[PDB]
There are 2 protein chains.
Amino acid sequence: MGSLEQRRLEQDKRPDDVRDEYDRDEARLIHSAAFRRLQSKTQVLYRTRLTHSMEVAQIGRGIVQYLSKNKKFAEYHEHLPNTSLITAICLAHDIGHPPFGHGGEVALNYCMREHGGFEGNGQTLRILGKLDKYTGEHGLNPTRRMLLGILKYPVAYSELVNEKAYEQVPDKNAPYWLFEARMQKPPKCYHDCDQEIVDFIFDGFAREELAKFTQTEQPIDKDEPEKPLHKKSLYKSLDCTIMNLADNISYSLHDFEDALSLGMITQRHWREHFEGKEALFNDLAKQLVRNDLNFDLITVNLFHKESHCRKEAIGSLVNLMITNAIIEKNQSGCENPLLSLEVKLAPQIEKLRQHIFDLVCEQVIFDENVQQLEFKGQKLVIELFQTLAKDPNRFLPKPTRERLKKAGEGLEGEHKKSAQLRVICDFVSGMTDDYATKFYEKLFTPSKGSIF
Amino acid sequence: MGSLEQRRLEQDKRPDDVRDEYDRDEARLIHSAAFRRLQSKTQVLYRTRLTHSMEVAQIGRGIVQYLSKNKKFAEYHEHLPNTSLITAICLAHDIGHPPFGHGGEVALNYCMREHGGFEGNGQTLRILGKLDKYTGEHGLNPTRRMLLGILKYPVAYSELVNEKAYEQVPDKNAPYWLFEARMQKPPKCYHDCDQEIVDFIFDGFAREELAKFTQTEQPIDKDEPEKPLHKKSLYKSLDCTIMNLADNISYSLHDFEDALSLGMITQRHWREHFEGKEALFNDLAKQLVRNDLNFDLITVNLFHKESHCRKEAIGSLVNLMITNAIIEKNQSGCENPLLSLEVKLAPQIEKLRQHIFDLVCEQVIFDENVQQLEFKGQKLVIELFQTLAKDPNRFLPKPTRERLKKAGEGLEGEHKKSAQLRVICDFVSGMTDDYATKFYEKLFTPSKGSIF
Ligand SMILES: [Mg+2]
Ligand SMILES: [Mg+2]
């Protein structure tokens, strides 16, 4: 089998470069157009995706550091990623996310219904492995282990999608962009047209390991037992578990901290969301003997006037989760360490992390005004994709027109159409929020737009 | 003397934390309000200060890595900073820069003429050591070595300023914000009101070392020999030399790369700026035997249609400077390694780096439209500072009103005034470009502004 430091394309380093291949991955990523676009992309609307990706990289390094010295896990030290690989994986995890976030993701998936759908994490793999113009046709040409580390869902769209969930009540009067977004969310997956990339990631493993590692589950009873739902992938690589843990800690605490600052989560919300289960903080305070973890003391410090009393509690909770990162084996039958080993929190810490994250989804993610803005990004992307798809040679830039022509060669009929719509999907998804707004305004908004 | 890992305020780590003090500095910085503000701050206007600071951190780590293995410099390996310290120093170097960049810096220095002036690098030290609300009154409370690493100019404003350079031809008809900005630029320095911070940084050194390390020079003949000019500090710490080298590589190549993309630097500009001295590339190509360094070959790749041919040359030039980082001793009489040792490029590489950077200043920094926008930031900040200074209790937020009251206590007369204007200067300088624009529009622009 192939090495983990192997790339799809041959790009050997000069003898002047003792940097390991994982550092070369970090260097290419930071100097890449896909990573620099994280500035003009916000996840909530304040906090940009670049800042979130840096905080996630910091948390992941702290996780890897904590594990690399805890001798209870000394048996697994050799399989931990290094500082450069965990950073590059953490800094790349939100690269594929489209403009306007979930509003744009639902939009592109709805437009690509007959052509493979769209999902952000799949586009992250698509950009990293092919789209980014660091190479001709191999993206940034990352190492096998880095590609595996960003593959959060190693199962294809077709193998996971349940198109019965897309079913809608007919409405002759509704425009094409007007629908319930929750019923058009894609499965978390990789795109079928990128199977070659996934083949490379998995050529360094035994095929029985691949079958066990790509196992899925059928979730049941989201509201009713017969409600149709997509299938979920079940397992991620070891490095991916570390990044996914850091990614959730930031969403649970750092987006919570921003919610306190903006006033979207009050102490009344806190004490009502924790009206029961004050032991989520208190019982932990007893076991670890940390008076700072007392529910009433940490509540006063979180909702304190002095900003140094809040950041001290946020950082205390950030440190509490990093110090409670355990590494177990997943219920996959895999014997490879990178496929069988998982990093996660202590069960009592995860209960507290989730319960803080649930208050964030309730007051921030599902705020009426936040959702109204997501729908507008849905309308904008749909209306932009339609127009770019109706006459792509009139509107698209010349290099994008070349890819669309190139994608259709050797293909005819419906396969040619899906391959060319994929290029348009990669063009729109690779837009920044302001670039997509300007592109919308040049095409539709009455008095806006300039030829330069 | 005191240790380099010592902080002004006592904030010892728990036994659960094996992170070194320099990693704790990196962790606090990333989760700090001052570092997160780098998203909404651009240096040129595209590339944000956050992205520039990440690229600088990457270059610095590559420099430290290259030096930590080159055995010609093995005698100095023990004095190199670690990965966390060089990152925190690189990620913090542009924290103090005000809104609208040099336009805002000239603005604040002009307003603070009688009250100590303003300079960005000084505010970086002021934020890191006192202003940031991570602690009560000690900022992020960084280690002594990190504070030293961001102290680019270890000489005070008063000791360097030449107020004859501020002299202006009288103009009764000109508004207060209308002046030549070049004649009101401050010296590169630290603010006199922050001498206590600088005292702490230097208590870990012998006083003779401090006198030699804080030596200055009087530059002569900017245009004419008798043209008045500020004095310059002469020496930086070892870690600061590494950060300052990375900071200049990014400005010389990464801002050059953006200039190619936006069309602000043409191949005609390149071949005319290099009409002579093609040997800046070619002679290096002969010594290192690198055909890619041929002037005509690298020109075709830099100004190529394929974006992978440009990024390959930019990264080749980024790698060429990192591989030519030498560490010598400065002409300071210092015997401490952190004060006597400097990191810099090979003389022939610096000639090429500077000559590329000169084309960036000519076509980008001094573009007429870029300068027109800088002046507008100058007008906006001046008009905002004046109004905030005329009635600070009517306009400033309550916490900022508390600091201004607190800064004036124990003082009367002109010293009280300068101390309270310093708080207003810290408030404006700590604004983001959009926050300062909204604050300007609430106060002056006819139909804009909301009470929320
Ligand atoms: Mg994320
Ligand atoms: Mg800089």
# chains A, B, ... in the order shown; residues from 1 in each chain; ligands from 1
$ residues_near_ligand --ligand "ligand 1" --cutoff "10 Å" --atoms "only C-alpha atoms and all ligand atoms" --output "mmCIF file with N, CA, C and O atoms, in the first residue's frame"
data_model
loop_
_atom_site.group_PDB
_atom_site.id
_atom_site.type_symbol
_atom_site.label_atom_id
_atom_site.label_comp_id
_atom_site.auth_asym_id
_atom_site.auth_seq_id
_atom_site.Cartn_x
_atom_site.Cartn_y
_atom_site.Cartn_z
ATOM 1 N N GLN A 43 -19.505 32.745 8.930
ATOM 2 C CA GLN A 43 -20.293 31.550 9.199
ATOM 3 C C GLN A 43 -21.647 31.878 9.814
ATOM 4 O O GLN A 43 -22.660 31.275 9.442
ATOM 5 N N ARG A 49 -14.753 33.050 9.004
ATOM 6 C CA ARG A 49 -14.336 31.654 8.925
ATOM 7 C C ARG A 49 -12.831 31.510 9.101
ATOM 8 O O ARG A 49 -12.361 30.469 9.576
ATOM 9 N N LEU A 50 -12.063 32.536 8.723
ATOM 10 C CA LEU A 50 -10.622 32.515 8.952
ATOM 11 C C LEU A 50 -10.307 32.497 10.442
ATOM 12 O O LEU A 50 -9.479 31.705 10.906
ATOM 13 N N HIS A 52 -12.349 31.623 12.958
ATOM 14 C CA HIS A 52 -12.802 30.340 13.484
ATOM 15 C C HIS A 52 -11.802 29.235 13.170
ATOM 16 O O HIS A 52 -11.503 28.395 14.027
ATOM 17 N N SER A 53 -11.255 29.234 11.953
ATOM 18 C CA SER A 53 -10.302 28.199 11.568
ATOM 19 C C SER A 53 -8.988 28.326 12.328
ATOM 20 O O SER A 53 -8.307 27.319 12.553
ATOM 21 N N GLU A 55 -8.807 29.585 15.528
ATOM 22 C CA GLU A 55 -9.129 29.122 16.873
ATOM 23 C C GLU A 55 -9.240 27.604 16.915
ATOM 24 O O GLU A 55 -8.810 26.972 17.886
ATOM 25 N N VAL A 56 -9.805 27.003 15.865
ATOM 26 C CA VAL A 56 -9.879 25.547 15.791
ATOM 27 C C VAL A 56 -8.482 24.947 15.707
ATOM 28 O O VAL A 56 -8.183 23.939 16.360
ATOM 29 N N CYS A 90 -7.050 21.558 10.320
ATOM 30 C CA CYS A 90 -7.979 22.456 11.000
ATOM 31 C C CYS A 90 -8.221 23.726 10.193
ATOM 32 O O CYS A 90 -9.343 24.242 10.164
ATOM 33 N N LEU A 91 -7.184 24.245 9.533
ATOM 34 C CA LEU A 91 -7.322 25.457 8.735
ATOM 35 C C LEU A 91 -8.036 25.227 7.409
ATOM 36 O O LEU A 91 -8.384 26.205 6.738
ATOM 37 N N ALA A 92 -8.265 23.973 7.014
ATOM 38 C CA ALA A 92 -8.878 23.669 5.728
ATOM 39 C C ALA A 92 -10.304 23.149 5.828
ATOM 40 O O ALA A 92 -10.948 22.971 4.788
ATOM 41 N N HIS A 93 -10.828 22.930 7.038
ATOM 42 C CA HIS A 93 -12.067 22.169 7.173
ATOM 43 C C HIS A 93 -13.280 22.924 6.637
ATOM 44 O O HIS A 93 -14.251 22.295 6.200
ATOM 45 N N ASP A 94 -13.251 24.257 6.649
ATOM 46 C CA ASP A 94 -14.374 25.053 6.166
ATOM 47 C C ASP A 94 -14.069 25.745 4.842
ATOM 48 O O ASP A 94 -14.693 26.759 4.517
ATOM 49 N N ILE A 95 -13.137 25.198 4.061
ATOM 50 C CA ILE A 95 -12.739 25.835 2.810
ATOM 51 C C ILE A 95 -13.828 25.691 1.754
ATOM 52 O O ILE A 95 -14.073 26.613 0.965
ATOM 53 N N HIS A 97 -17.081 25.560 2.076
ATOM 54 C CA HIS A 97 -18.400 26.099 2.377
ATOM 55 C C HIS A 97 -18.739 27.258 1.440
ATOM 56 O O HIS A 97 -17.895 28.124 1.182
ATOM 57 N N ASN A 121 -18.629 20.158 2.902
ATOM 58 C CA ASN A 121 -17.478 19.314 3.210
ATOM 59 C C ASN A 121 -16.999 18.548 1.988
ATOM 60 O O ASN A 121 -15.803 18.268 1.863
ATOM 61 N N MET A 243 -9.706 17.256 14.767
ATOM 62 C CA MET A 243 -10.193 18.493 14.167
ATOM 63 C C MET A 243 -11.677 18.692 14.447
ATOM 64 O O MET A 243 -12.108 19.802 14.779
ATOM 65 N N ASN A 244 -12.474 17.628 14.315
ATOM 66 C CA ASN A 244 -13.907 17.740 14.567
ATOM 67 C C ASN A 244 -14.192 18.058 16.029
ATOM 68 O O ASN A 244 -15.194 18.713 16.336
ATOM 69 N N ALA A 246 -12.051 19.898 18.032
ATOM 70 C CA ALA A 246 -11.716 21.313 18.120
ATOM 71 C C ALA A 246 -12.779 22.172 17.448
ATOM 72 O O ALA A 246 -13.149 23.232 17.966
ATOM 73 N N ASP A 247 -13.287 21.724 16.297
ATOM 74 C CA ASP A 247 -14.298 22.492 15.576
ATOM 75 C C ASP A 247 -15.564 22.655 16.408
ATOM 76 O O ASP A 247 -16.209 23.709 16.373
ATOM 77 N N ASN A 248 -15.926 21.630 17.180
ATOM 78 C CA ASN A 248 -17.126 21.715 18.004
ATOM 79 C C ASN A 248 -16.893 22.517 19.277
ATOM 80 O O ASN A 248 -17.824 23.161 19.774
ATOM 81 N N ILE A 249 -15.674 22.493 19.819
ATOM 82 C CA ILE A 249 -15.378 23.295 21.003
ATOM 83 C C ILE A 249 -15.491 24.779 20.681
ATOM 84 O O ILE A 249 -16.024 25.564 21.476
ATOM 85 N N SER A 250 -15.002 25.186 19.507
ATOM 86 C CA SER A 250 -15.085 26.588 19.108
ATOM 87 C C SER A 250 -16.533 27.021 18.912
ATOM 88 O O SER A 250 -16.942 28.089 19.382
ATOM 89 N N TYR A 251 -17.326 26.206 18.208
ATOM 90 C CA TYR A 251 -18.738 26.530 18.034
ATOM 91 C C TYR A 251 -19.468 26.582 19.369
ATOM 92 O O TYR A 251 -20.378 27.400 19.548
#
$ interface_residues --of "chain B" --to "chain A" --cutoff "8 Å" --atoms "only C-alpha atoms" --output "PyMOL selection string"
chain B and resi 16+27+30-31+36+39+47-48+51+54-55+58+133-136+307-308+311-312+323
$ write_last_selection --atoms "C-alpha atoms" --output "PDB file, in the first residue's frame"
ATOM      1  CA  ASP B  16      -2.597  20.478  34.396  1.00  0.00           C
ATOM      2  CA  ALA B  27      -3.257  31.037  23.143  1.00  0.00           C
ATOM      3  CA  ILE B  30      -5.602  34.271  19.301  1.00  0.00           C
ATOM      4  CA  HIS B  31      -8.538  34.499  21.741  1.00  0.00           C
ATOM      5  CA  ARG B  36      -9.591  39.339  16.204  1.00  0.00           C
ATOM      6  CA  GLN B  39     -10.150  40.814  10.219  1.00  0.00           C
ATOM      7  CA  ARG B  47      -5.494  41.132   1.879  1.00  0.00           C
ATOM      8  CA  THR B  48      -6.420  41.747   5.506  1.00  0.00           C
ATOM      9  CA  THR B  51      -3.967  37.167   6.554  1.00  0.00           C
ATOM     10  CA  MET B  54      -0.573  34.555   9.248  1.00  0.00           C
ATOM     11  CA  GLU B  55       1.715  34.612   6.212  1.00  0.00           C
ATOM     12  CA  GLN B  58       4.473  31.059   8.421  1.00  0.00           C
ATOM     13  CA  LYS B 133      -9.032  43.459  28.620  1.00  0.00           C
ATOM     14  CA  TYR B 134      -7.587  39.983  29.168  1.00  0.00           C
ATOM     15  CA  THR B 135      -6.403  41.306  32.555  1.00  0.00           C
ATOM     16  CA  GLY B 136      -7.352  44.292  34.679  1.00  0.00           C
ATOM     17  CA  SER B 307      -2.207  30.926 -12.027  1.00  0.00           C
ATOM     18  CA  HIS B 308      -0.118  27.868 -11.106  1.00  0.00           C
ATOM     19  CA  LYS B 311       2.243  30.978  -7.497  1.00  0.00           C
ATOM     20  CA  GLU B 312       5.111  28.599  -8.276  1.00  0.00           C
ATOM     21  CA  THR B 323      16.937  29.622   2.609  1.00  0.00           C
TER      22      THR B 323
END
$ select_by_dssp --residues "segment 173-236 of chain A" --states "helix (DSSP H, G or I)" --output "PyMOL selection string"
chain A and resi 181-184+192-202+207-213
$ residues_around --residues "segment 218-220 of chain A" --least-positions-apart "2" --cutoff "7 Å" --atoms "only C-alpha atoms" --output "list in words"
residues 216, 222, 225, 229, 231 and 232 of chain A
$ residues_around --residues "residue 292 of chain A" --least-positions-apart "6" --cutoff "10 Å" --atoms "only C-alpha atoms" --output "ChimeraX atom specification"
/A:281-282,285,298-299,301,313,316-317
$ residues_around --residues "residue 283 of chain B" --least-positions-apart "4" --cutoff "9 Å" --atoms "only C-alpha atoms" --output "list in words"
residues 278, 279, 287, 288, 293, 294 and 348 of chain B
$ write_last_selection --atoms "N, CA and C atoms" --output "short mmCIF file (atom, residue, chain, number, x, y, z; two decimals), in the first residue's frame"
data_model
loop_
_atom_site.label_atom_id
_atom_site.label_comp_id
_atom_site.auth_asym_id
_atom_site.auth_seq_id
_atom_site.Cartn_x
_atom_site.Cartn_y
_atom_site.Cartn_z
N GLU B 278 19.40 43.35 -14.43
CA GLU B 278 18.88 42.00 -14.61
C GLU B 278 19.73 40.98 -13.88
N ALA B 279 20.95 41.35 -13.51
CA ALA B 279 21.84 40.49 -12.74
C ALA B 279 21.37 40.30 -11.30
N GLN B 287 25.17 31.68 -9.37
CA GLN B 287 25.81 31.17 -8.16
C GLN B 287 25.08 29.94 -7.63
N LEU B 288 23.75 30.03 -7.52
CA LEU B 288 22.95 28.93 -7.01
C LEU B 288 22.62 27.89 -8.08
N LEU B 293 15.61 31.07 -11.82
CA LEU B 293 15.92 32.44 -11.43
C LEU B 293 16.35 33.32 -12.60
N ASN B 294 16.43 32.77 -13.81
CA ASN B 294 16.68 33.59 -14.99
C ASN B 294 15.61 34.67 -15.10
N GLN B 348 23.11 39.79 -1.43
CA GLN B 348 22.62 39.79 -2.80
C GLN B 348 21.12 39.50 -2.86
#
$ select_by_dssp --residues "segment 270-336 of chain A" --states "strand (DSSP E)" --output "ChimeraX atom specification"
/A:325-329
$ closest_residue --among "B:174, B:233, B:252, B:144" --to "ligand 2" --atoms "only C-alpha atoms and all ligand atoms"
B:252
$ residues_around --residues "segment 153-157 of chain B" --least-positions-apart "5" --cutoff "10 Å" --atoms "only C-alpha atoms" --output "PDB file with N, CA and C atoms, in the first residue's frame"
ATOM      1  N   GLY B 116       2.185  63.690  23.213  1.00  0.00           N
ATOM      2  CA  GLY B 116       2.994  62.494  23.085  1.00  0.00           C
ATOM      3  C   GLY B 116       2.983  61.850  21.716  1.00  0.00           C
ATOM      4  N   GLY B 117       2.143  62.318  20.797  1.00  0.00           N
ATOM      5  CA  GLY B 117       2.068  61.731  19.473  1.00  0.00           C
ATOM      6  C   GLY B 117       1.427  60.352  19.490  1.00  0.00           C
ATOM      7  N   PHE B 118       1.414  59.734  18.310  1.00  0.00           N
ATOM      8  CA  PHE B 118       0.908  58.379  18.150  1.00  0.00           C
ATOM      9  C   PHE B 118       1.700  57.670  17.062  1.00  0.00           C
ATOM     10  N   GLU B 119       1.979  56.388  17.287  1.00  0.00           N
ATOM     11  CA  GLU B 119       2.625  55.547  16.290  1.00  0.00           C
ATOM     12  C   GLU B 119       2.120  54.124  16.484  1.00  0.00           C
ATOM     13  N   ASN B 121       3.366  50.959  16.002  1.00  0.00           N
ATOM     14  CA  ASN B 121       4.160  49.973  16.730  1.00  0.00           C
ATOM     15  C   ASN B 121       4.188  50.264  18.222  1.00  0.00           C
ATOM     16  N   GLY B 122       4.117  51.538  18.607  1.00  0.00           N
ATOM     17  CA  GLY B 122       3.992  51.862  20.018  1.00  0.00           C
ATOM     18  C   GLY B 122       2.667  51.402  20.591  1.00  0.00           C
ATOM     19  N   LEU B 148       9.592  42.048  24.338  1.00  0.00           N
ATOM     20  CA  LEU B 148      10.816  42.471  23.667  1.00  0.00           C
ATOM     21  C   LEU B 148      10.756  42.180  22.172  1.00  0.00           C
ATOM     22  N   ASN B 162      11.691  65.040  16.026  1.00  0.00           N
ATOM     23  CA  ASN B 162      12.311  66.288  15.591  1.00  0.00           C
ATOM     24  C   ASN B 162      11.169  67.194  15.137  1.00  0.00           C
ATOM     25  N   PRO B 186       4.949  60.306  12.403  1.00  0.00           N
ATOM     26  CA  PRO B 186       5.677  60.231  13.667  1.00  0.00           C
ATOM     27  C   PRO B 186       6.977  59.468  13.494  1.00  0.00           C
ATOM     28  N   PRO B 187       7.886  59.548  14.461  1.00  0.00           N
ATOM     29  CA  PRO B 187       9.016  58.618  14.468  1.00  0.00           C
ATOM     30  C   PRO B 187       8.557  57.230  14.882  1.00  0.00           C
ATOM     31  N   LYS B 188       9.288  56.224  14.417  1.00  0.00           N
ATOM     32  CA  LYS B 188       9.043  54.852  14.840  1.00  0.00           C
ATOM     33  C   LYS B 188       9.638  54.662  16.230  1.00  0.00           C
ATOM     34  N   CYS B 189       8.797  54.324  17.201  1.00  0.00           N
ATOM     35  CA  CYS B 189       9.147  54.526  18.605  1.00  0.00           C
ATOM     36  C   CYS B 189       8.177  53.746  19.487  1.00  0.00           C
ATOM     37  N   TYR B 190       8.258  53.999  20.794  1.00  0.00           N
ATOM     38  CA  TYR B 190       7.211  53.663  21.744  1.00  0.00           C
ATOM     39  C   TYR B 190       6.775  54.937  22.460  1.00  0.00           C
ATOM     40  N   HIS B 191       5.530  54.948  22.926  1.00  0.00           N
ATOM     41  CA  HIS B 191       4.976  56.140  23.556  1.00  0.00           C
ATOM     42  C   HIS B 191       5.602  56.371  24.928  1.00  0.00           C
ATOM     43  N   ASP B 192       5.812  57.647  25.269  1.00  0.00           N
ATOM     44  CA  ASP B 192       6.455  57.979  26.537  1.00  0.00           C
ATOM     45  C   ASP B 192       5.630  57.515  27.728  1.00  0.00           C
ATOM     46  N   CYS B 193       4.305  57.481  27.588  1.00  0.00           N
ATOM     47  CA  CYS B 193       3.446  57.094  28.700  1.00  0.00           C
ATOM     48  C   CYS B 193       3.505  55.602  29.002  1.00  0.00           C
ATOM     49  N   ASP B 194       4.215  54.818  28.190  1.00  0.00           N
ATOM     50  CA  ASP B 194       4.342  53.380  28.389  1.00  0.00           C
ATOM     51  C   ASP B 194       5.744  52.983  28.831  1.00  0.00           C
ATOM     52  N   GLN B 195       6.500  53.924  29.405  1.00  0.00           N
ATOM     53  CA  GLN B 195       7.871  53.638  29.817  1.00  0.00           C
ATOM     54  C   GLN B 195       7.931  52.542  30.875  1.00  0.00           C
ATOM     55  N   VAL B 198       8.250  49.252  29.177  1.00  0.00           N
ATOM     56  CA  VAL B 198       9.608  49.109  28.664  1.00  0.00           C
ATOM     57  C   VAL B 198      10.601  48.896  29.800  1.00  0.00           C
ATOM     58  N   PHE B 202      13.195  45.529  30.260  1.00  0.00           N
ATOM     59  CA  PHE B 202      14.626  45.761  30.369  1.00  0.00           C
ATOM     60  C   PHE B 202      15.182  45.517  31.766  1.00  0.00           C
ATOM     61  N   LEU B 210      21.317  47.993  28.148  1.00  0.00           N
ATOM     62  CA  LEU B 210      20.179  48.808  27.731  1.00  0.00           C
ATOM     63  C   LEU B 210      20.635  50.066  27.006  1.00  0.00           C
ATOM     64  N   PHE B 213      21.870  49.094  23.559  1.00  0.00           N
ATOM     65  CA  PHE B 213      20.823  48.543  22.703  1.00  0.00           C
ATOM     66  C   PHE B 213      19.817  49.601  22.269  1.00  0.00           C
ATOM     67  N   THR B 214      19.657  50.665  23.054  1.00  0.00           N
ATOM     68  CA  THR B 214      18.736  51.744  22.733  1.00  0.00           C
ATOM     69  C   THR B 214      19.427  52.903  22.024  1.00  0.00           C
ATOM     70  N   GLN B 215      20.594  52.661  21.432  1.00  0.00           N
ATOM     71  CA  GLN B 215      21.285  53.703  20.688  1.00  0.00           C
ATOM     72  C   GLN B 215      20.490  54.084  19.445  1.00  0.00           C
ATOM     73  N   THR B 216      20.608  55.346  19.053  1.00  0.00           N
ATOM     74  CA  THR B 216      19.886  55.873  17.907  1.00  0.00           C
ATOM     75  C   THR B 216      20.869  56.428  16.886  1.00  0.00           C
ATOM     76  N   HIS B 230      13.279  62.924  11.785  1.00  0.00           N
ATOM     77  CA  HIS B 230      13.287  62.252  13.076  1.00  0.00           C
ATOM     78  C   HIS B 230      14.525  61.370  13.217  1.00  0.00           C
ATOM     79  N   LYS B 231      14.857  61.051  14.463  1.00  0.00           N
ATOM     80  CA  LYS B 231      15.901  60.076  14.741  1.00  0.00           C
ATOM     81  C   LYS B 231      15.322  58.664  14.708  1.00  0.00           C
ATOM     82  N   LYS B 232      16.160  57.706  14.323  1.00  0.00           N
ATOM     83  CA  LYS B 232      15.767  56.309  14.213  1.00  0.00           C
ATOM     84  C   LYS B 232      16.445  55.482  15.296  1.00  0.00           C
ATOM     85  N   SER B 233      15.696  54.557  15.890  1.00  0.00           N
ATOM     86  CA  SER B 233      16.332  53.532  16.700  1.00  0.00           C
ATOM     87  C   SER B 233      17.196  52.644  15.809  1.00  0.00           C
ATOM     88  N   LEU B 234      18.187  51.998  16.419  1.00  0.00           N
ATOM     89  CA  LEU B 234      19.189  51.271  15.652  1.00  0.00           C
ATOM     90  C   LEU B 234      19.099  49.757  15.754  1.00  0.00           C
ATOM     91  N   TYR B 235      18.548  49.207  16.837  1.00  0.00           N
ATOM     92  CA  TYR B 235      18.671  47.777  17.080  1.00  0.00           C
ATOM     93  C   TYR B 235      17.354  47.184  17.562  1.00  0.00           C
ATOM     94  N   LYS B 236      17.132  45.925  17.180  1.00  0.00           N
ATOM     95  CA  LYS B 236      16.002  45.124  17.627  1.00  0.00           C
ATOM     96  C   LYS B 236      16.523  43.819  18.213  1.00  0.00           C
ATOM     97  N   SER B 237      15.679  43.158  19.000  1.00  0.00           N
ATOM     98  CA  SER B 237      16.062  41.877  19.571  1.00  0.00           C
ATOM     99  C   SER B 237      16.150  40.813  18.477  1.00  0.00           C
ATOM    100  N   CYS B 240      12.850  39.785  17.199  1.00  0.00           N
ATOM    101  CA  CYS B 240      12.275  40.864  16.405  1.00  0.00           C
ATOM    102  C   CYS B 240      12.880  40.904  15.007  1.00  0.00           C
TER     103      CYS B 240
END
$ residues_around --residues "residue 280 of chain A" --least-positions-apart "3" --cutoff "9 Å" --atoms "only C-alpha atoms" --output "PyMOL selection string"
chain A and resi 274+277+283-285+295+348-349+351-352+355
$ closest_residue --among "A:147, A:423, A:180, A:217" --to "residue 159 of chain A" --atoms "only C-alpha atoms"
A:217
$ closest_residue --among "B:143, B:150, B:437, B:71" --to "ligand 2" --atoms "only C-alpha atoms and all ligand atoms"
B:150
